[PDB]
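In: Need a 3D model of the following:
(12 chains)
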Amino acid sequence: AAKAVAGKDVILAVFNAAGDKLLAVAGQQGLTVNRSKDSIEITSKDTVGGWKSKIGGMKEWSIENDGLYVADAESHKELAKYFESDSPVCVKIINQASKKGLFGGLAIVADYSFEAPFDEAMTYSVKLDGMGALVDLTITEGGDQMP
Amino acid sequence: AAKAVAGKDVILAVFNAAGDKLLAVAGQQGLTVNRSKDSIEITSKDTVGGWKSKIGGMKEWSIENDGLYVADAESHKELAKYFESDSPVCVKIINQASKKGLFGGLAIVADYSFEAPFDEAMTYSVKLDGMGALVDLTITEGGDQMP
Amino acid sequence: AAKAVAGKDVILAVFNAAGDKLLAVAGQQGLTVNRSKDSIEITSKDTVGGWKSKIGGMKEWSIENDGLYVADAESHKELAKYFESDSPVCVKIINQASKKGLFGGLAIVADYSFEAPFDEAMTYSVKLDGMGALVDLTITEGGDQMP
Amino acid sequence: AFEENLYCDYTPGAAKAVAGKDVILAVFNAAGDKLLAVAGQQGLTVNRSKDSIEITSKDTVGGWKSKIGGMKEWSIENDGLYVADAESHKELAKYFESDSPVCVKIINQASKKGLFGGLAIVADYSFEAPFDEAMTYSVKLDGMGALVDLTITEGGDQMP
Amino acid sequence: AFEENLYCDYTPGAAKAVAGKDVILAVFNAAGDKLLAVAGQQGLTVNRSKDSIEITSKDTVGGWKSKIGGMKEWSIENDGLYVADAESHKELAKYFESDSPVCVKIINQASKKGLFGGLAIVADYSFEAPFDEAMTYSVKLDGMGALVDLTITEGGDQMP
Amino acid sequence: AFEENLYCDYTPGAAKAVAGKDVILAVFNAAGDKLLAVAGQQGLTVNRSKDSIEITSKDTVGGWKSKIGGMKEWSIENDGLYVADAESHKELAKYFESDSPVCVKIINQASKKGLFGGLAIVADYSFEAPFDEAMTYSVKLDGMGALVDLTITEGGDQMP
Amino acid sequence: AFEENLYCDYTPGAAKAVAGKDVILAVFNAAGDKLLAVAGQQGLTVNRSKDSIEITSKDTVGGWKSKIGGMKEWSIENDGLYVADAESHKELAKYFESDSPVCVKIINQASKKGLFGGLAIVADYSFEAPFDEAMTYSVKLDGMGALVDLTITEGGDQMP
Amino acid sequence: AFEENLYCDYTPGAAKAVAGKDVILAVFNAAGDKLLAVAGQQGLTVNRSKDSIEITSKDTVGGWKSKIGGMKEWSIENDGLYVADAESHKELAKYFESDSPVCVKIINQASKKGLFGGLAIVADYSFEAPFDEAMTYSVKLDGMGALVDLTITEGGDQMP
Amino acid sequence: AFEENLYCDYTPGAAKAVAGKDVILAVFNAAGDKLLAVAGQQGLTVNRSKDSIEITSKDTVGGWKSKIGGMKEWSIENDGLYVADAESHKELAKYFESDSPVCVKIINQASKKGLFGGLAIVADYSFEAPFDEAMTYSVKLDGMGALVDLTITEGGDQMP
Amino acid sequence: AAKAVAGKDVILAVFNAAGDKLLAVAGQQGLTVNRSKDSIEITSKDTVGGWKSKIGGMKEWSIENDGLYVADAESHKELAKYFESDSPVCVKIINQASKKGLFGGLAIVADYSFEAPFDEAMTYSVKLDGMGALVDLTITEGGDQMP
Amino acid sequence: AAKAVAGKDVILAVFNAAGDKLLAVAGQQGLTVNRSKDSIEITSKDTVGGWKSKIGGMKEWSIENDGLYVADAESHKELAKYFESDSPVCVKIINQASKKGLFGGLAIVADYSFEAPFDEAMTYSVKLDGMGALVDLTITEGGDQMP
Amino acid sequence: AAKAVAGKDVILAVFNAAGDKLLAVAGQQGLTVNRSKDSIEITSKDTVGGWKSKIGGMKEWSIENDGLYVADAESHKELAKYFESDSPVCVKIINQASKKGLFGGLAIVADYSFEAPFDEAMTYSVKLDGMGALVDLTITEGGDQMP
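Out: Residues are numbered from 1 along each chain as shown, chains lettered A, B, ... in the order given. For reference, the structure is listed below:
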């Protein structure tokens, strides 16, 4: 196999308003994807043993991406438009090395903040909150649009 | 393009009481702009799937700025008046290298505090809470009054 | 005796969908097994002494795992299937040095998250919440299927 | 799911629970040919009560109060998200204004088994519009006659 | 918005939710030519109830209590931030002092569709002045007559 | 405050709020020449209620319950910190023991505009002294007639 | 467990506690041969009350009102997780519809000792299905006669 | 405390607050010569109310309801820590069983001024003993007659 | 404990507090020879109330209602952990079923002083078994006559 | 101007009991002045836009000063009396180099704590909670009594 | 005197199920004996002064022990049985250098978790919650059984 | 003056049961004295200004003391007796260099724990919570017994 995938090869990609171009957000430096599921309590004391009973609940997901900020790139000119208009955004995760998509979904820009240290470059941070199903493209055929 | 914006060129500017001067806050050493949106829950389980559904909620913004404190400069004697008079203040974010405005809005001085360590220079911290819309000047035409 | 067990010799393994193959989670780098019990307070102050009285409650367990992520790994292609289908999953802990099983049980994939730096390899994290009893195999006879 | 099920007991002998995301309230349309699930559902409560008449006779040994059972009533409350365009809510309003009996059913949409069917009356059709929330609706149905239990009676599996 | 909607589905088939910031209360002015949106609105409650008369006959097989639907009534509750200078607030006071029946409407200002219009009486017009908050008002309107549902009836879309 | 108000809109077109620290209760002295602000004020509530007389006639088409406007009453709740030697607090007690009507006014200091004036009786003058807090008082006023709304009428703007 | 029990006293002389996971409500089937434990039990409440008749006679020195004991009543409230297919939950419906009295027993399944057995009527068999949890049931039984305390009377220890 | 009080203003013009730790309830002994402060005082509530009589006549212009003041009443509720051997608690019981009126005075021990004196009867003398706390008592006093305030009337300054 | 007690005052001049772990409820057995402390005690509440008769006559100067105290009543509420085999619990049930008055006493087990003795009726004897806790019990006793206060009367200190 | 103020020149001074002597708190090693205001929420959603509305709240202030502790110092025999007597203390902040006062006000000694390491000298910490207005002496005329 | 006691000399010991043997739990590397007493507040402000009156409340204790985990050690084969059976366990803290016992008690295994990093040895952590009195053997005579 | 006080000279001592002997706790390495006062909020907004009004509340104090633990020392054989017997302890903080007492008061032993690290010596920690007045000896005459 590959035995690893270098972190500099997976990127976040945003669909433009018409959906014609998959713009990779410029200045990407970090990325984390959270996928969680709740747990319900079916603990009813008619069962032998001594262990607590649980089942699976609801699933949700989120994405955090931060990096260097340039305000002129078309990718950052779209994130502002989506943020101000409260429109759902289409996000995809691309392994630009193996040329395969990873995870696509609809998200809402929960945060768009950025910092300007005096001895560094102005860095930006983005949080996207999950809106519906996060389609696992590693288990589902298709989803390989490159840009 | 630019591929980056060095942090020593993004500054915070404040409109004076009359509004005729855009005074740059002296002693600036750090700048953080936070922009957040709430996320509402509409999970009703007559919907197929298995992912917890959300929409985007209400938007808010704020600015933190810290640095060296100078007591006699014009800028620092106006933040005192704004804090004391309980008046909204007009704030702007300026890229003093690219000479483009970034974000302007009305803000409230929520925190105006400072520290005087013995073996260092006496530093100040400022927090401004957003009152209403924060205009993204990177997507809107205008907003370039420099000083 | 052994006086110790090297930490690279203890691994986490998962049963496939039909349960005919025990697959070691590819990319394993860390592991933590948490087993906790509740405590009930029975302080009825008709009792001489002066120390607070307690008894035992219910027992829960969970597993934290993390390591390097390989997308094509069939074990990683099965954890996704278990997470998506909300189906209980059979997990086991193997000491590959002594070829002895340690802990097996049914769990729910509560969290399946992964994060990718810019200067490192893409890492993955898994949280498994106990769906009932976790049978310790070091006290009970059996449980030694190796793969 | 193997090793002779030594620690993983996958044997199905019961469910031990029914997730609330699977019990749904359904209403028959005006024609009675289509079962519609009330859209935006988020809660459901079925109350079944029986009156208790006292028959205490003051010439009996003991010291306990004697009681007998009376009549039975049933009611349903259901709240959730309100979408005024859903045809199910375009059906509830017509029943509310027409003062007509309405046919209601409770479906375990995961077990594909009916639970309780009956004829009820829309006693209250109210809803809330918080400024920072989504508009929620509340529905109260008062029973008109017997609530037929489908867990002990055959049939009642019209799924939609 | 592409890849054949493999993961992003924007297809319009419903709303699936109605944000409460999209539903407002509108009041007709005295002359009836201007619909004023009550300024400072923050909460909205609509109550619609029907009684239940019992006709339990002691000669009916079964064991359940028989009923029919009673009289119908309705009411509105509102509350929000109060300014004494707004014209809409300058109309509620006039109606309250004059005992004049007031025409009220519920507007989905997002979908541009009316919901409920009717004549009501201002039963309660109260307000508070908390020292560490903003002075806020609460209004109760008791329904006089039918609550004309605009979701089933055609028309009633005056937005102002 | 400039750039043609491109992002900072300083135009005053309304208040959009009235902070609760601006609405005070004022009481006329015995002579009626001095308006005293009740010292230590921390909370205020004004209740205005109207009764509803039902005229439901069993010969009306429709299906909704008919009601009209009844009689109107009003009351005021105040609470705050109590200092015994304050002139205002030495006057409410006098009105309380003498059972005399007391003239009350609601004043917005920021707008310098009267809101509501009337005659009331102190139906309750109670206060608590928690050990770990400051001793606070509460006053309940019931009004015998017209609560004149100064937001729609001319005059009545005395500040004290 | 040793060192002459210097710091560890394992001596059994009482229970000093009875965990709630050891008290089970059980029901006799229609035939009366099978004792079924109500599946999904999560809470239990036993209420036993007596009335108090007053005999305050004014010709008695003192100043305290005199009372005696009235009649005795008892009831059981039990709530928990609900599965419709369970055998115990299927008799409760049959008992509830048939008005038939039900024999109920409360058992310390850890001590294998009966506590309270008697006849009761199912006054309420209601249940709720929240959308974000498992659907739960609640049961109320009112006692028609004596509740025999098995802790002071010999017998009554059937385990199922 | 200087620089012409440029920033530090001590100048006494009021108290602006009265700490609750300075307000203590005290009772007169049976002989009436010793004023004892109830030990363990932790809470105090002095309620004073006046009834309202309605004089609504259907021939009055306006549109509001007419009322006057009725009869007045007062009561005191004091709770705190309880010790059995204190003289104050060894005097309250003597009043309680003997059903004798007790003279009560509420005193500001800081300003050395009395506030309210009266004659009351212990209508409720209860106390609580939580296991993980100190045992707490509560007292309710109902007055027979006038509650003479000492803030408007001269005198009543005996401290003990 | 020294340096002339300059900062450490070890002189006992009062208690200033009585922890609730030192106040227990004890009952007399059927023979009346053993004082048994209720096992599993965790709470205790003693209520002592007195009625108030109004004697307001409409020819009295003032404005306050005239009141005189009526009859006196007392009651006790206890709760805590329940163990079935405890002797005190095997005595309480016998009194509950037999309608026999029980002699009850409140004991300060630290100071070895009796507090209150009386005769009571077990009005309520209920207990709960939450699934994630220990089975708890609650007892209500209503007094048939005078509750003898032992803090004012000499005697009554039988400790067990 | 000065472009900065050295931190070893900002000191805290306390008025004595009679108010005749402004004592510099002996042992000063640090100083922090916090000034905060609250924020009221006035979101009325009959207003177009999409950004959250706020107004000015309630203002308060506090000071924390820490350093080395000398018990026999006159200033440390005054703080103890104020702390024990529950009396307001008049505090002032001095730029002892520029001979200009900064802020004066009445405060309550909320905390007076001190810690004594084994291998270092005995240090003390003081917290003063503001009772009312913190008068700024930089935008107001006067207030320059040095001692 | 000794003026110190080495930390490699204090050990935790467990009485087995029969109680005939005192087991030194293998792999010990850390101990923590926490003993706390609650405080009840008796502030009644009829008392002169100005300080908050308190009394002593209820007492409790707990033990934390972490170290290397060798599963085959028969000492660990008793901790597992106690954890699974919810039976109280007799615990003694022993100074193997002075040959004196310190603290005996009846405790419950409230937490039994362990960690397996790939670059270290498998470490285990155990929490024991006190069910009643912790007998201090330093004051009381007896309690000197080592094994 | 002194301008400083060495931390190795501020030492904690407690009184024995009879109170005839002042014993310094053997093995102490640290000491912390906390003295706190509450603050009520009395903002009545009929007042001009714009700041928040506060008065002082109740006062209470506490002591933290940790160091090396030696069991045979008589002083540690007195703290254990107090902790077991729930009796108040008279504690005094003295300056063994200037032979001056600082603070005396009654306290309860709220927390008496200790650590046994593998590569260190056994260390102990003590928390004392006072019931009422902590009389400071630096402003009052007396309290000067060293032993």
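
In: from here on, contacts and neighbour counts on C-alpha atoms
Out: Fine.

In: what about residue A:20, neighbour count?
Out: Each residue near residue A:20 was counted by other CA atoms under 10 Å in any protein chain shown, and the total is 11.

In: Check the gap between it and chain B for me.
Out: 20 Å (CA to the nearest CA, to the nearest Å).

In: That residue against residue A:147, yeah?
Out: No: the criterion here is CA atoms under 8 Å, and residue A:20 misses it with residue A:147 at 10.2 Å.

In: Test my guess that residue A:89 contacts residue A:13.
Out: No: the pair residue A:89 / residue A:13 is not scored as a contact, 10.5 Å apart, by CA under 8 Å.

In: residue contacts, residue A:136?
Out: Residue A:136 makes contacts with A:102, A:103, A:104, C:80, as judged by CA atoms under 8 Å, 6 or more residues apart in numbering or on different chains.

In: in the sheet, who's paired with it?
Out: residue A:103 (DSSP bridges).

In: I'd like to know how far residue A:143 sits from chain F.
Out: Distance from residue A:143 to chain F, by CA to the nearest CA: 42 Å.

In: Residue of chain A closest to chain K, please.
Out: For chain A and chain K, the shortest gap (CA to the nearest CA) falls at residue A:50, measuring 8.0 Å.

In: Around chain I, which positions in chain A sit nearby?
Out: With CA under 8 Å from any CA of the partner chain as the criterion, chain A meets chain I at residues A:44, A:45.

In: Go ahead and report the secondary structure state at residue A:83.
Out: Taken by DSSP: H, G, I helix; E, B strand; the rest coil, the conformation at residue A:83 corresponds to helix.

In: okay but it is in contact with residue A:107, surely?
Out: No: at 11.0 Å, residue A:83 and residue A:107 do not qualify as touching, with contact defined as CA under 8 Å.

In: Looking at the contacts of residue A:136, spot the one nearest residue J:68.
Out: residue A:103 (58.3 Å; CA to CA).

In: burial of the closest one, as a residue count?
Out: Applying other CA under 10 Å, I find that residue A:103 has 21 neighbouring residues.

In: what sits against it?
Out: By CA under 8 Å, 6+ apart, the contact set of residue A:103 is A:92, A:93, A:94, A:134, A:135, A:136, A:137, A:138.

In: and which of those is nearest to residue L:64?
Out: Of these, the one sitting nearest to residue L:64 (CA to CA) turns out to be residue A:134, at 52.2 Å.

In: those strands in chain A, which residues are they?
Out: A:10-15, A:22-24, A:28-41, A:54-68, A:89-95, A:100-115, A:123-136 (DSSP state E).

In: out of those, which comes closest to residue B:25?
Out: That would be strand A:100-115 among the strands of chain A, by CA to CA, at 16.8 Å.

In: now that closest one against strand B:28-41, angle please.
Out: With axes from the mean of the first three to the mean of the last three CA atoms, to 10 degrees defining the directions, strand A:100-115 sits at 130 degrees from strand B:28-41.

In: now the strands of chain A in TSV, with distance to residue K:25?
Out: Formatted as TSV, the strands of chain A follow (distance: least, CA to CA, whole Å):
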stretch	distance to residue K:25
strand A:10-15	48
strand A:22-24	56
strand A:28-41	35
strand A:54-68	33
strand A:89-95	50
strand A:100-115	48
strand A:123-136	47
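
In: Just flag the most distant two among the contacts of residue A:103.
Out: The largest separation in the contacts of residue A:103, counting by CA to CA, is between A:94 and A:134 at 14.2 Å.

In: what are the bridge partners for the residue most central in space within chain A, then?
Out: By CA atoms, centre = their mean, chain A has its centre lying nearest to residue A:63, at 3.3 Å. Counting by DSSP bridges, residue A:63 forms beta bridges with residue A:33, residue A:128.

In: cool, the one 5 residues further on as well?
Out: Beta-bridge pairing of residue A:68 under DSSP bridges involves residue A:123.

In: ok, it to chain L distance?
Out: Distance of residue A:68 to chain L, computed by CA to the nearest CA: 42 Å.

In: can you list the residues of chain A near chain D?
Out: Going by CA under 8 Å from any CA, the residues of chain A near chain D are residue A:42.

In: How about the residues of chain A by chain B?
Out: Counting by CA under 8 Å from any CA, chain A sits next to chain B at A:26-27, A:58-60, A:68-73, A:77, A:80-81, A:86, A:108-122, A:129-134.

In: could you list every residue that touches the residue nearest to residue A:133 when sequence neighbours are not counted?
Out: Nearest non-adjacent residue to residue A:133, counting by CA to CA, 6 or more residues apart in numbering or on different chains: residue B:51, 5.2 Å away. Residues near residue B:51 by CA under 8 Å, 6+ apart: A:58, A:59, A:60, A:132, A:133, A:134.
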